[PDB]
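This report concerns only the one structure given below.
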Amino acid sequence: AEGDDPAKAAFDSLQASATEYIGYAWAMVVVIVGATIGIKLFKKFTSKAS
Amino acid sequence: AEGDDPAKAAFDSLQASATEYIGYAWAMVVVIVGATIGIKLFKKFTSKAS
Amino acid sequence: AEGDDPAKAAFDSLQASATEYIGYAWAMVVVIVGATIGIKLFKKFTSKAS
Amino acid sequence: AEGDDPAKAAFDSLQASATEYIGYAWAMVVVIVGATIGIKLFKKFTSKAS
Amino acid sequence: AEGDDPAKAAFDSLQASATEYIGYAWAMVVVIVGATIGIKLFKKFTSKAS
Amino acid sequence: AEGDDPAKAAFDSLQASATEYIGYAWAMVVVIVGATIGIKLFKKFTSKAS
Amino acid sequence: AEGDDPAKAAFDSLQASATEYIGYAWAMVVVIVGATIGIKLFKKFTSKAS
Amino acid sequence: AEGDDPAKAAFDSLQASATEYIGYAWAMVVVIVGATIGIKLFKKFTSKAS
Amino acid sequence: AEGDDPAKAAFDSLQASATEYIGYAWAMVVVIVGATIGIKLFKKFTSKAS
Amino acid sequence: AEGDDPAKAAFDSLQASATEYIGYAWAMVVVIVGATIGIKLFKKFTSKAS
Amino acid sequence: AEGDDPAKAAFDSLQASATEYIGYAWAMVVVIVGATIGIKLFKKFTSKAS
Amino acid sequence: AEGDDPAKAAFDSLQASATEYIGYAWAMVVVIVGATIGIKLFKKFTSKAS
Amino acid sequence: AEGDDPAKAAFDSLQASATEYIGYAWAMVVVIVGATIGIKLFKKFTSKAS
Amino acid sequence: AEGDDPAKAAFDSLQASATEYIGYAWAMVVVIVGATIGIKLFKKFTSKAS
Amino acid sequence: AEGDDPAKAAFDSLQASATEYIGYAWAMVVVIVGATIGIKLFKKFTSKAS
């Protein structure tokens, strides 16, 4: 009871932190995927010309 | 008999505590996996564009 | 003979007690392992997405 | 014998749980694959036009 | 001789028990692997569409 | 009776002390585990990029 | 009481130290992950060319 | 001389007994390892599917 | 010598078992690959029509 | 000198035994790897068809 | 304090080293990617001819 | 009082000595860990190539 | 003081030895990684052909 | 010094062995890649006909 | 003086003996590690095929 309470809260904190890192992962991939959509679009143009 | 009873109960308490920590583990991984599903989804979009 | 009989019985009692504690160990690990099976399952899902 | 019986049952429970998670994995992939079939179909149309 | 005989038998019992737990491990993995074969199959379909 | 009472109390004190040290152990591991969650998160990002 | 106080403080010191080492771990992985993001980016370019 | 002879033989007996227990250890681990080879094999199949 | 002989044989048995599982892996992949050859053949027909 | 000689030889024996077990490990992995080469070959065929 | 200082510096050194290895990774991939850009360019020419 | 003073000082000396040995432990591990960082880096390169 | 000096030097020797073994680890991995770079290069060629 | 010398040599031997296995890996991949070049060549012919 | 001299020499002898046993430990591990390098090499081949 008493010992594990501070630990439980510590875990809540760690989990939230984990959520922040995760948000950043989502954004990073946002950039990578933005890149893939645009470049793939250039190839699309190549096709229109062809 | 008499000596081990308080010990048995103490063990019940410890086991329940263990159950709490375990619930938190399940949630943490819930976040991590949520992250993996979404990011993997971004890659999926890359494929659609390709 | 006579002296060691009460002792033999006392030992039987202690052994049974030991059996109780042992049952609790089995259960505790039941929870820990349940946790490992489920979380490992989340990772499994990550793989399916990947 | 006696000690391992509760453990055996606990394991049966854990295995069934595992089966539930697994059903969910199958469904998740059902959605992902549904997505791949439809999008790939759009590309198919591109071909018909070409 | 005399002392170690009950011990030898006890060990035989423990070993058999161990065999039961082991059978359950084999089954658990049966489910996990069944899952992997089916999901991997969904991905296979994605490929056929592609 | 009379002799063991001061001893019983002394033991209560020692046990409480033990509880303090234990709280500190919980915290220490809080830091170590926080570290493991974050670093493991970095690896997670590596995967998203991959 | 009296004996465990110097010990409690010593433990506080050790925990803080542990926090320093941990900061360094975070940075090290910062470099490793930076590396993974950039190299994975090179592969990305390979794809654009392909 | 005379006193230690019965003791020497007793020791020979004990050593042989020890050899029996040891044979059982070898077998137990035979089962555990058999389990590890088969389960690891299931994972291998997962890979073939992947 | 004497102790390791039963172990050596046990290992021979385990290895053979491993060979069985392996045969099954080969077959499973036989089905998967049969599938890939036929479906890829359908695409081939699409090409003939095109 | 005198006491450790029988021990030295015993150790030589144990080391050789260890060498036998090791040979078996090499073979086991021979089978596992044979499996991986062949199955990976099936995938290779899938590629040729694709 | 005193003990962990030499350790902290040692860690700084190790981290820098890690940075060197990392620079080399970046270069290696520079060559691999240069290769992919040029070869992919040859394929591009094939297309122009087609 | 009088008897324990030389003893107290002797203990101070022993503690300092202990501190020296400890510094060496920190360094030893510095080398081992340096090794792990570099080798793990080689594996990292393997990944970049892959 | 006097007793721990020979010990300190012995430790210096052991640490240096450790450094030698470590150099060998670095080289071993040099070979393994050389292998990975070349083989991965073969796969690269497969891609150029494809 | 004296103890680690036989060990150093043993390590040299192991490293060389490792080099042999590695040569075989290079060859294996030689066959696989030869296969990919030829088959990819067949596809090339398909193109010439088309 | 006089009594401890035979004892000092006896200790020298024991220490040397200890050195022999130690050499054997180094060799044993030589075999175990040789095994690990080769088997790990087989896995490496699996990767090349993959």
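All residue names refer to the structure tokens as shown: chains lettered A, B, ... in order, residues numbered from 1 in each chain, ligands numbered from 1 in order.
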
Nearby residues (only C-alpha atoms) at most 12 Å from segment 11-27 of chain A, same-chain spacing under 3 positions excluded, as a ChimeraX atom specification: /A:4-8,30-34 /B:20-43 /F:26-27,29-49 /G:37

In Å to one decimal, how far is atom CA of residue 3 of chain J from atom CA of residue 9 of chain O? 16.5 Å
